[PDB]
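Structure file target_24.pdb (PDB, C-alpha atoms) is printed below.
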```
ATOM      1  CA  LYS A   1       9.997  15.459 -11.244  1.00  0.00           C
ATOM      2  CA  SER A   2       6.835  13.974 -12.827  1.00  0.00           C
ATOM      3  CA  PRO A   3       5.049  10.563 -12.528  1.00  0.00           C
ATOM      4  CA  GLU A   4       7.205   9.334 -15.444  1.00  0.00           C
ATOM      5  CA  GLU A   5      10.505  10.547 -13.929  1.00  0.00           C
ATOM      6  CA  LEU A   6       9.509   9.263 -10.463  1.00  0.00           C
ATOM      7  CA  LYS A   7       8.646   5.824 -11.905  1.00  0.00           C
ATOM      8  CA  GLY A   8      11.878   5.858 -13.959  1.00  0.00           C
ATOM      9  CA  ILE A   9      14.140   6.685 -10.980  1.00  0.00           C
ATOM     10  CA  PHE A  10      12.102   4.352  -8.714  1.00  0.00           C
ATOM     11  CA  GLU A  11      12.549   1.449 -11.159  1.00  0.00           C
ATOM     12  CA  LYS A  12      16.212   2.294 -11.892  1.00  0.00           C
ATOM     13  CA  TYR A  13      17.017   2.236  -8.157  1.00  0.00           C
ATOM     14  CA  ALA A  14      14.692  -0.686  -7.245  1.00  0.00           C
ATOM     15  CA  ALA A  15      16.316  -2.857  -9.961  1.00  0.00           C
ATOM     16  CA  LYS A  16      19.572  -3.123  -7.919  1.00  0.00           C
ATOM     17  CA  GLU A  17      17.718  -4.984  -5.087  1.00  0.00           C
ATOM     18  CA  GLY A  18      14.411  -6.834  -4.295  1.00  0.00           C
ATOM     19  CA  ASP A  19      12.532  -6.417  -7.610  1.00  0.00           C
ATOM     20  CA  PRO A  20      12.202  -3.393 -10.016  1.00  0.00           C
ATOM     21  CA  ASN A  21       8.630  -2.885  -8.631  1.00  0.00           C
ATOM     22  CA  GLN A  22       9.883  -2.757  -4.969  1.00  0.00           C
ATOM     23  CA  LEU A  23      12.419  -0.461  -3.206  1.00  0.00           C
ATOM     24  CA  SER A  24      14.010  -2.221  -0.192  1.00  0.00           C
ATOM     25  CA  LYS A  25      14.660  -0.092   2.946  1.00  0.00           C
ATOM     26  CA  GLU A  26      18.270   0.216   1.696  1.00  0.00           C
ATOM     27  CA  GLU A  27      17.415   1.006  -1.946  1.00  0.00           C
ATOM     28  CA  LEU A  28      14.727   3.428  -0.705  1.00  0.00           C
ATOM     29  CA  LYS A  29      17.313   5.170   1.525  1.00  0.00           C
ATOM     30  CA  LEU A  30      19.669   5.433  -1.502  1.00  0.00           C
ATOM     31  CA  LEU A  31      16.898   6.925  -3.710  1.00  0.00           C
ATOM     32  CA  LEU A  32      15.697   9.270  -0.949  1.00  0.00           C
ATOM     33  CA  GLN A  33      19.252  10.539  -0.295  1.00  0.00           C
ATOM     34  CA  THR A  34      19.809  11.114  -4.028  1.00  0.00           C
ATOM     35  CA  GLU A  35      16.475  12.820  -4.836  1.00  0.00           C
ATOM     36  CA  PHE A  36      15.126  14.257  -1.535  1.00  0.00           C
ATOM     37  CA  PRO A  37      18.030  14.541   0.998  1.00  0.00           C
ATOM     38  CA  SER A  38      16.023  17.056   3.079  1.00  0.00           C
ATOM     39  CA  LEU A  39      12.434  15.775   2.764  1.00  0.00           C
ATOM     40  CA  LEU A  40      13.481  12.193   3.663  1.00  0.00           C
ATOM     41  CA  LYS A  41      14.177  13.470   7.194  1.00  0.00           C
ATOM     42  CA  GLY A  42      11.123  15.769   7.527  1.00  0.00           C
ATOM     43  CA  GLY A  43      10.547  14.896  11.204  1.00  0.00           C
ATOM     44  CA  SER A  44      10.789  11.063  11.276  1.00  0.00           C
ATOM     45  CA  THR A  45      13.356   8.231  11.093  1.00  0.00           C
ATOM     46  CA  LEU A  46      14.105   6.054   8.044  1.00  0.00           C
ATOM     47  CA  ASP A  47      12.372   3.222   9.941  1.00  0.00           C
ATOM     48  CA  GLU A  48       9.235   5.297  10.654  1.00  0.00           C
ATOM     49  CA  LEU A  49       9.106   6.576   7.047  1.00  0.00           C
ATOM     50  CA  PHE A  50       9.721   3.060   5.661  1.00  0.00           C
ATOM     51  CA  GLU A  51       6.945   1.626   7.888  1.00  0.00           C
ATOM     52  CA  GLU A  52       4.585   4.483   6.916  1.00  0.00           C
ATOM     53  CA  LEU A  53       5.227   3.790   3.209  1.00  0.00           C
ATOM     54  CA  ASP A  54       5.298  -0.055   3.320  1.00  0.00           C
ATOM     55  CA  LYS A  55       1.859  -0.235   5.012  1.00  0.00           C
ATOM     56  CA  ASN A  56       1.651  -3.744   3.490  1.00  0.00           C
ATOM     57  CA  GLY A  57       4.716  -4.678   5.630  1.00  0.00           C
ATOM     58  CA  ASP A  58       6.158  -6.910   2.867  1.00  0.00           C
ATOM     59  CA  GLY A  59       9.736  -5.612   3.392  1.00  0.00           C
ATOM     60  CA  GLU A  60       9.890  -3.125   0.473  1.00  0.00           C
ATOM     61  CA  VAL A  61       8.066   0.010  -0.702  1.00  0.00           C
ATOM     62  CA  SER A  62       6.253  -1.079  -3.883  1.00  0.00           C
ATOM     63  CA  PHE A  63       5.697   1.452  -6.700  1.00  0.00           C
ATOM     64  CA  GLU A  64       2.089   1.505  -5.415  1.00  0.00           C
ATOM     65  CA  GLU A  65       3.158   2.217  -1.801  1.00  0.00           C
ATOM     66  CA  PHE A  66       5.650   4.791  -3.181  1.00  0.00           C
ATOM     67  CA  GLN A  67       2.658   6.923  -4.260  1.00  0.00           C
ATOM     68  CA  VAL A  68       2.407   7.828  -0.536  1.00  0.00           C
ATOM     69  CA  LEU A  69       6.014   9.144  -0.743  1.00  0.00           C
ATOM     70  CA  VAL A  70       5.115  11.024  -3.949  1.00  0.00           C
ATOM     71  CA  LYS A  71       2.082  12.520  -2.160  1.00  0.00           C
ATOM     72  CA  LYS A  72       4.204  13.527   0.873  1.00  0.00           C
ATOM     73  CA  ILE A  73       6.921  15.257  -1.206  1.00  0.00           C
ATOM     74  CA  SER A  74       4.228  16.909  -3.380  1.00  0.00           C
ATOM     75  CA  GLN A  75       2.608  18.175  -0.153  1.00  0.00           C
TER      76      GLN A  75
END
```

Kindly transcribe the structure held in the file into structure tokens.
Amino acid sequence: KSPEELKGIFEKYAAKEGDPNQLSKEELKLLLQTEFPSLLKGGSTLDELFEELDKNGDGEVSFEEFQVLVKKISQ
């Protein structure tokens, strides 16, 4: 992965729902399962993770909010 690849996959997935800039809980779950099947679990539920990421509580994880996911997987 890399910022470019992450943005690419993010956008590619996102595009099927909400808006290319925003991964819905569903689209997020699809991405997560594809890219990070293990890490997505970690020690929390999809709901908890989703909430943690979408701090803004708009309904989707924006590319901005997704940086938290990037940070988590990096760490």

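With only C-alpha atoms as the atoms that count, the minimum distance from residue 73 of chain A to the choices A:11, A:29, A:60, A:2 is reached by A:2.
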
Q: Please provide the set of residues having any atom within 12 Å of residue 68 of chain A, restricted to only C-alpha atoms, with same-chain residues fewer than 4 positions apart removed, written as JSON, numbers by chain.
A: {"A": [49, 50, 51, 52, 53, 54, 55, 61, 62, 63, 64, 72, 73, 74, 75]}

**Q.** Expected selection from the PyMOL selection byres ((chain A and resi 38-40) around 12), given as number ranges by chain
**A.** A: 28-37, 41-50, 53, 69-75

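Counting from atom CA of residue 58 of chain A, the distance to atom CA of residue 5 of chain A is 24.6 Å.
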
Edge lengths and centre in Å to one decimal, as JSON, of the axis-aligned box that encloses all listed atoms of segment 40-49 of chain A with 5 Å added on every side?
```
{"center_x": 11.6, "center_y": 9.5, "center_z": 7.5, "size_x": 15.1, "size_y": 22.5, "size_z": 17.6}
```

Q: Could you check how far atom CA of residue 56 of chain A sits from atom CA of residue 18 of chain A, in Å to one decimal?
A: 15.3 Å

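With atom CA of residue 57 of chain A on one side and atom CA of residue 1 of chain A on the other, the separation reads 26.8 Å.
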